[PDB]
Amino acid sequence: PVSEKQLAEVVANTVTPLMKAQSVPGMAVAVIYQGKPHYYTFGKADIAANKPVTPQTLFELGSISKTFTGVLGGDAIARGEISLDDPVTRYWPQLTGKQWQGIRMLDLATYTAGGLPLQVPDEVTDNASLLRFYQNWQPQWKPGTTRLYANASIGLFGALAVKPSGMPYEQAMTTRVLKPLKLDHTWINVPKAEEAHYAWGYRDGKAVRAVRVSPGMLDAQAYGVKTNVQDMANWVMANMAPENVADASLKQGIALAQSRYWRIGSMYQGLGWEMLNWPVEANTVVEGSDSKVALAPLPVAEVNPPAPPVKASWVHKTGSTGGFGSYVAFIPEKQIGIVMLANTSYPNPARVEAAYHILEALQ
């Protein structure tokens, strides 16, 4: 087995050339191995202020935020508040357009509603306009036939999933997922006293941060989660080993998020999380991460009933914002995982290659 000394070498030997090649100012990495996190920090959180990355530095997760949504929605299912087999309209009766008949909460959660686009457009600036957008939407495909990765799909799922609880998404997420897991430095809105920890993002040499979008049911999902490498490490450990999560509905929700709902070539869609069977070769994972594939509308095979979590899985998610690029992957059968948080958005294939190389060293 690999020692902590050897692991430190592997991580440094992988990350240092990556940051140079991709011009990454700073990275925080956690590797989960032998039951605990191992933390490695590199570079700068703020170039001009010459602030180093630390295990307290906050990074924008981008679409890794969807894994929190997925688990929150799984928790709501486990509570009995929603069912993935319910129609969307059960949770939004004002959505009267008949094109919605036969579209389930499942389809919104897993991008199979039939062509909801990647983005909610910017003229959506309130809920009246959000309704008009979904009412006007004309599906390109029937439900349950085509996967098209989409913020307009899972974002609406997350907004509807929390409606029975009576809480907005941010409060539901904080109350039901973050606090029970002691993720006490994980934020949608970074508090005042925590801003000194917030890294700057970098894009073509310019320091940038995520902007808030227009107030409405999706605003928190869109502004996205910010967190440090410690909380992300503990997020990965909770998802890798939900048997240690005490709250019964949250443990079930973690499992629902890693269940397989659809097969799309070599991958399977969960709630936010995506999975491949393990063992998997690097090129499979890397090639799937290319935007020409990841953004494409692709046919699905339904997994009916959904398959509960498969321990021999590569479970992962990439996420980016204008200034940040992050990746998380874990293998429950092996009880190993990795978090890589960076303050530049560098190519997803490069993220996967580096993560794969590090985890390969530990098996």
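Residue positions are given as counts along the sequence shown, with the first one as 1.
Trainee: If you average the CA temperature factors as listed in the entry, which stretch comes out higher, 5-13 or 337-345?
Mentor: On average, C-alpha B-factors are higher across 5-13.
Trainee: Comparing 195-203 with 248-256, where is the mean C-alpha B-factor higher?
Mentor: Comparing 195-203 with 248-256, the higher average CA B-factor belongs to 195-203.
Trainee: Looking at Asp85, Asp75, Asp184, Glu274, which has the highest CA B-factor as recorded?
Mentor: In this record, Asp184 carries the highest C-alpha B-factor of the candidates.
Trainee: Have a look at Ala161, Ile264, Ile188, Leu148 and flag the one whose Cα has the highest B-factor in the entry.
Mentor: That would be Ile188.
Trainee: What third of its chain, lowest, middle or highest, does the C-alpha temperature factor of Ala109 fall into?
Mentor: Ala109: CA B-factor falls in the lowest third of its chain.
Trainee: Divide the modelled residues of the chain into thirds by Cα B-factor and specify which third, lowest, middle or highest, holds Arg90.
Mentor: For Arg90, whose C-alpha B-factor we compare with every modelled residue in the chain, the answer is the middle third.
Trainee: How does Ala48 rank on Cα B-factor within its chain, lowest, middle or highest third?
Mentor: Highest third of the chain for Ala48's C-alpha B-factor.
Trainee: Within this chain, which third does the Cα B-factor at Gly270 fall in: lowest, middle or highest?
Mentor: Within its chain, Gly270 is a lowest-third residue by C-alpha B-factor, going by the deposited values.
Trainee: Would you mind checking where the Cα B-factor of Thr41 ranks among the modelled residues of its chain, as the lowest, middle or highest third?
Mentor: Middle third - that is where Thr41 ends up once the chain's C-alpha B-factors are sorted.
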